[PDB]
Amino acid sequence: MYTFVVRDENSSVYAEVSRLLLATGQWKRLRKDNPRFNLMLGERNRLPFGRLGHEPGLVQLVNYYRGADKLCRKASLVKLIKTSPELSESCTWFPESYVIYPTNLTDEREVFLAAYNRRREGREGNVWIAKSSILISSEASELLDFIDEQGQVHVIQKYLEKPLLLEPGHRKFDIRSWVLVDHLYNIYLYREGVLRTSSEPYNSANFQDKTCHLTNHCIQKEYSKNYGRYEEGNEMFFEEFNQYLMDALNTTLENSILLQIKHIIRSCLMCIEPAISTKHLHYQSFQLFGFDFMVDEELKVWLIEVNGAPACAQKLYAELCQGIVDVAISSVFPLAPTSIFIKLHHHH
Amino acid sequence: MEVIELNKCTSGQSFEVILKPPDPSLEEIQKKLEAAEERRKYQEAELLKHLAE
Amino acid sequence: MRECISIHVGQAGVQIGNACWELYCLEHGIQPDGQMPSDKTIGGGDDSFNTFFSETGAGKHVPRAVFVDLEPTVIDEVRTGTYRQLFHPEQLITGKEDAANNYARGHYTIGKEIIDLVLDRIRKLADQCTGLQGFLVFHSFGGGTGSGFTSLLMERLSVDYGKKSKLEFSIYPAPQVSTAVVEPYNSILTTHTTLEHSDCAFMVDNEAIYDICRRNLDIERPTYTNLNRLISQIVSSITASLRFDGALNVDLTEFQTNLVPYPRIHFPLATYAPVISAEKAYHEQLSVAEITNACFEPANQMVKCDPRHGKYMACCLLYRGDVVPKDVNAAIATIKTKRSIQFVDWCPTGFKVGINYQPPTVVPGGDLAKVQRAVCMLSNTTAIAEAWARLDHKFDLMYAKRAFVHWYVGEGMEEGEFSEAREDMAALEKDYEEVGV
Amino acid sequence: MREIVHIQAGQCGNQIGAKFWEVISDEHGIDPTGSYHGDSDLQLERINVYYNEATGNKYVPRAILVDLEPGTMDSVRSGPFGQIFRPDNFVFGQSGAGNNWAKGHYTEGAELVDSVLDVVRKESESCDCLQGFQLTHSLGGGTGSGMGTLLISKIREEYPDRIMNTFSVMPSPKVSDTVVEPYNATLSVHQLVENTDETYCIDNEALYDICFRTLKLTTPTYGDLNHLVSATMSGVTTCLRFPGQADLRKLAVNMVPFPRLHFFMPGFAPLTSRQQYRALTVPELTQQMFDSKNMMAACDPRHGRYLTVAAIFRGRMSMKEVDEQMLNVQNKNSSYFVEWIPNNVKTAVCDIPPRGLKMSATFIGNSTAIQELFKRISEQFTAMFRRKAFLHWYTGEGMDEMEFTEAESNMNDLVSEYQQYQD
Ligand SMILES: Nc1nc2c(ncn2[C@@H]2O[C@H](COP(=O)(O)OP(=O)(O)OP(=O)(O)O)[C@@H](O)[C@H]2O)c(=O)[nH]1
Ligand SMILES: Nc1ncnc2c1ncn2[C@@H]1O[C@H](COP(=O)(O)OP(=O)(O)CP(=O)(O)O)[C@@H](O)[C@H]1O
Ligand SMILES: Nc1nc2c(ncn2[C@@H]2O[C@H](COP(=O)(O)OP(=O)(O)O)[C@@H](O)[C@H]2O)c(=O)[nH]1
Ligand SMILES: [Ca+2]
Ligand SMILES: [Ca+2]
Ligand SMILES: [Ca+2]
Ligand SMILES: [Mg+2]
Ligand SMILES: [Mg+2]
Ligand SMILES: [Mg+2]
């Protein structure tokens, strides 16, 4: 009889995993503070990694990688890419970014302005976006002043002015990929992604109205008037998107986009493996990641960010959560296909 | 990667490599010990009083 | 030459001390009868090994050691054991009933009645010293004597030997080899009262030693003898610089200067490699790079924690055996490009290296195989705060219900000492976080 | 040299005590004449814990036999090992206690108690370093219950910092000599709450059910019950009589988190009926040891929570497999262990097994489920006290009703204290 504890009541993903675990009849849920557990579904913030793996005879597993925050933080990701030789400052799939600390608090203000002034002089498009852990503008003055009005670290990265627009609609979108890393650091890409589409026509001459520029599911369902017009819940899945790429662009989702997505996932996760691997640790970790990508009109894939506590598409909860149990939990605590994941092989 | 202060002798050697630059008094202890003894004496006295009753 | 006095308190301190002095004698060529044929100066001398051994007119080399326990069964092993002839009776101090795993019983009730005698015996050893450096104190956190009497002894030592350094070798409690539930209480109580009196403390978590014995030595259920012989190898690596010719860590003061820039954060992490089973027919001799790389694996640390998620304040590499500086620097360069070694911005990113050409000595019939080269890394990392957090958490669980508190109050301790000690530990955890994040 | 002084009082106390000394004398290789004839040095390593060494290499139990009538101690002196006890350590009157706590505590017992203390003092004076005392008695009678608790009170007055341990047999209407047993047991329990450091609660109802249901004895006798008590007493004192860890005070420190909650439920395995030669595996030993049917307090552990648990394994077995099974019982039923005492389940192993068994396990639990035992006694007490029934036996000895009402409230307070830690 295996034992687990639930320490994040707000996780829709691991509420289903917990539901599945109990349904097997071979897992028992303890009080959240009971130290005699095999599996911890930990809290998002300040997870007590230091107390794991010190119960005699208990093989203990947790659903988060200590140190994975370096990848799942706005400013942290930028610093990681610029300072890690595996990714380098010339990384071709990450938008030119800069970490800007508000003046009321290293910082990259002067470096940003230098590159900003260069684009302005060369007639090039100079539209940046400021965000933290949102404002879109082409004037450096407005971007820096907006950050000083806040008190948290922000990042300024280039705004993809030439995004791939779906038709009909002429509308922006982004691609969410769910990736699972087990205790052995196998990288599993869920076969099912989701396109979070904008239900408004993309307008390049008005960044003030952010409805057609931000493809967040919450913004479209609150400030967009065409929500659900083209696809239910502004969510297009790979089957429809692949069929579209073939009909419109005479190409496939695997060739035009997925190869780059798999390459980006591997690069990011392999880069931090020595820092977060639990191979020789007194406890074991796995974690579910949400990678967000942008695709431009040239079919080049750009990484936008990585989410360390992602939610899932309503239609895909059952399949993904069961997969988490099969490859992440039961592989360590076996019970008494055609896998839904794509293993991204790599050198350890 | 610099080495400094290399010292050698018959039984070994030592050096330094730089990869990058940047109470209660005796009286007070007695009081604490005696205060604890007094507390034990008081607790034992109360027990004996309880048993005498 | 400057002398060092070793003090062993309680069962853990005594049994570990017994294993250490057994090893010291083998390393210096001293026989169980105390004779040392290699020592050509009969009756005296100021050689490096004389920091730990005095000499009688008859040529006997006597450890500068005192053993103290409230129950005699552990120390009776010394009085009749192999090395019974090394110590004279004045050095072995035993009572009749122990502190019952009760810090307050060892510190107050019993400590008050035996402290003066223990200091007198220590004074007799000090009177034999021309320039006493200080003391090395071995004890458990969990025992009533190891925790309670040690803290009282350390307080009196600061009074009677103000200018003398004091180092600790402390056994951190692990339920796998413990039958006492109150050890978190005792550990926090003794750390609070000893913190201001200890210049540098080497904590050894029984959980780490236990798993190294099972994993590397293929011992299914290690005994205290298995644990102590491994611990004594690590202790020997740490104190070798005091007992052999050299220029690194040559006196107790140097341990603090090299390992402790901030006085309260004085708990360096020890990591030792290689630990090879003697039952193996023949093992591939590991290189300098390989044993150095092993110093950054959690599996060979004396306290299980993750130094990848802390900051370093100091790092010292102590090699024994066939090692030349060329290969050390080559290994360090390789590890920097592969490991996550982050120093605090106010400390230099460097390593102090000591090499002793004499490889590790293995006790005949022990569990450890003879190796051509071994290394002990001493790093002052904030990652060891994980061990304080673990211990403080168990404390909080029991103290919230006042479980077992009456045993301590019954010995004359005020309940307020619990919260005073716990708040001190909270301040210690805050100091670590301020430096490491 | 951590000596223990053993006292046995009244009929039950002396009959169980006699069997205890017969069992451990066999384990230590001591014959009925006090002469050692074992074959293992482990038999003598800690022999002085319970035996004094007389001239001629003779070992004499450090035992004091007390009663208010001569009958039972005459049987002991004529029993198997009756000749092994010190003749001067027999202290007895002629009046009897009439199953009356007041006679044992205030009148008949009061006239004899000073002479018992003289023998206790004599034995204590010849101890290198006395650990404490252990008393065997029943709570339902008059001598063991009334005079036994009187003795405990006077021993605590003279030896206030020594550990006092008891094996206390709790009465049951299923195995009853007289109807006043709940009166005597309620009066005694308050004394135990105040004046002992550790009490092993042995319920005659649990002993009966074990003999009848598990051992398949059609007509259990007091002798059959005492066989279980002997085996249990040997099990829980193994860690005192052989090399290990250790002493009564250390045991108390790790078993008793709150001073009044010092009443333990003991258990034993195996309990086999005559399929008796079959080898018993570690899993079987561990599963039975935690089974309610193997426990002797007649309380359902699954009705409360374990504050602390000690388990002793005897015999040449796999200590690796012991830890795996122990860690399996906890990590499979952690809902019955309080989560605010970390690592509150301790395991110890002893190489010497009990006579006739390849291996065995003894269980010592400090469980809040023991409140069920005190609740049963309290309800039986009140059913009679509500009508002042049989009180004249006690008022005739000078007791007042107010002392009964105070004992009633004292034990209900104790029940209330267990209930708060069970939630
Ligand atoms: N490594 C190691 N740990 C030990 C040894 N002996 C005891 N311990 C540990 O020390 C703790 C118990 O404290 P002890 O040193 O035995 O107790 P003490 O200092 O003699 O104090 P009291 O017996 O209570 O008076 C437990 O955590 C044990 O695991 C030993 O020989 N080696
Ligand atoms: N450099 C850039 N160029 C173009 N669009 C961008 C961009 N950076 C962000 N966006 C837009 O912003 C949206 C999401 O922004 P971002 O992911 O930084 O905020 P967020 O993290 O709160 C949403 P989530 O974490 O759920 O993916 C995307 O739909 C994308 O279209
Ligand atoms: N287990 C057991 N219980 C007994 C024995 N003799 C008496 N009892 C119980 O003890 C109580 C009677 O007390 P008893 O010891 O005979 O009275 P005393 O001589 O005045 O102390 C009743 O609850 C009996 O069931 C015995 O030999 N074994
Ligand atoms: Ca000499
Ligand atoms: Ca000092
Ligand atoms: Ca009379
Ligand atoms: Mg995000
Ligand atoms: Mg001890
Ligand atoms: Mg009777």
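Order of the sequence lines sets the chain letters (A, B, ...), proteins ahead of strands, with each chain counted from 1. Note that ligands are numbered from 1 as they come in the structure, with each ligand's atoms numbered from 1 the same way.
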Does the pair [X]/[Y] count as a salt bridge with the N-to-O cut at 4.0 Å?
X: D/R2; Y: C/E71; value: yes
X: C/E97; Y: C/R105; value: yes
X: D/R213; Y: D/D209; value: yes

Which atoms of ligand 1 have any heavy atom of [X] under 4.0 Å away?
X: C/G144; result: 21 (O), 22 (P), 24 (O)
X: C/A100; result: 24 (O), 25 (O)
X: C/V177; result: 28 (C), 29 (O)

*Just go through C/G143, C/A174, C/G13 and tell me whose heavy atom is the nearest to atom 18 (P) of ligand 1.*
C/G143
*Considering C/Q15, C/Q11, C/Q176, C/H8, which one's heavy-atom position lies nearest to atom 16 (O) of ligand 1?*
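Among C/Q15, C/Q11, C/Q176, C/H8, the closest heavy atom to atom 16 (O) of ligand 1 belongs to C/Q11.
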*What orientation do D/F167 and D/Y200 show, parallel under 30°, tilted 30 to 60°, or perpendicular over 60°?*
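Taking D/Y200 first and then D/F167, their aromatic rings lie parallel (interplane angle under 30°).
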_Aromatic plane relationship, D/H6 with D/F20 - under 30° parallel, 30 to 60° tilted, over 60° perpendicular_ =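 Correct class here is parallel.
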*Worked check of side chain to side chain contact (heavy atoms under 4.5 Å, CB included) between C/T239 and C/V235*: CA-CA 6 Å; C/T239 69; C/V235 169; 4.2 Å; yes
*Using the side chain to side chain contact (heavy atoms under 4.5 Å, CB included) rule, pick out the option among C/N228, C/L227, C/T223 that qualifies with C/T225.*
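It is C/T223, the one option of C/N228, C/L227, C/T223 that forms the side chain to side chain contact (heavy atoms under 4.5 Å, CB included) with C/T225.
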Using a cut-off of under 3.5 Å, which N/O atoms of ligand 3 pair up with protein N/O atoms, and what distance separates each pair?
| residue | atom | partner | partner atom | Å |
| --- | --- | --- | --- | --- |
| ligand 3 | 1 (N) | D/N204 | OD1 | 2.9 |
| ligand 3 | 1 (N) | D/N226 | OD1 | 3.4 |
| ligand 3 | 3 (N) | D/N204 | ND2 | 3.2 |
| ligand 3 | 10 (O) | D/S138 | OG | 3.2 |
| ligand 3 | 13 (O) | D/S138 | OG | 3.0 |
| ligand 3 | 13 (O) | D/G141 | N | 3.3 |
| ligand 3 | 15 (O) | D/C12 | N | 2.9 |
| ligand 3 | 15 (O) | D/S138 | OG | 2.9 |
| ligand 3 | 16 (O) | D/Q11 | OE1 | 3.4 |
| ligand 3 | 19 (O) | D/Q11 | N | 2.7 |
| ligand 3 | 20 (O) | D/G142 | N | 2.9 |
| ligand 3 | 20 (O) | D/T143 | N | 2.7 |
| ligand 3 | 21 (O) | D/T143 | N | 3.4 |
| ligand 3 | 21 (O) | D/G144 | N | 2.7 |
| ligand 3 | 25 (O) | D/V175 | O | 3.0 |
| ligand 3 | 25 (O) | D/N204 | ND2 | 3.1 |
| ligand 3 | 25 (O) | D/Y222 | OH | 2.8 |
| ligand 3 | 27 (O) | D/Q15 | NE2 | 2.7 |
| ligand 3 | 27 (O) | D/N226 | ND2 | 3.0 |
| ligand 3 | 28 (N) | D/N226 | OD1 | 2.6 |

_Working for side chain to side chain contact (heavy atoms under 4.5 Å, CB included), residues D/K103 and D/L68_ = CA-CA 10 Å; D/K103 287 195 172 193; D/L68 286 172; 5.8 Å; no
*Within less than 4.0 angstrom of ligand 1, does D/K250 place any heavy atom?*
yes
*ligand 1 contacted by C/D69 (non-hydrogen, < 4.0 Å)*: yes
*Could you tell me whether the side chain of C/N186 and the main chain of C/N101 form a donor-acceptor pair under 3.5 Å?*
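The answer is yes, because a donor-acceptor pair under 3.5 Å joins these two groups.
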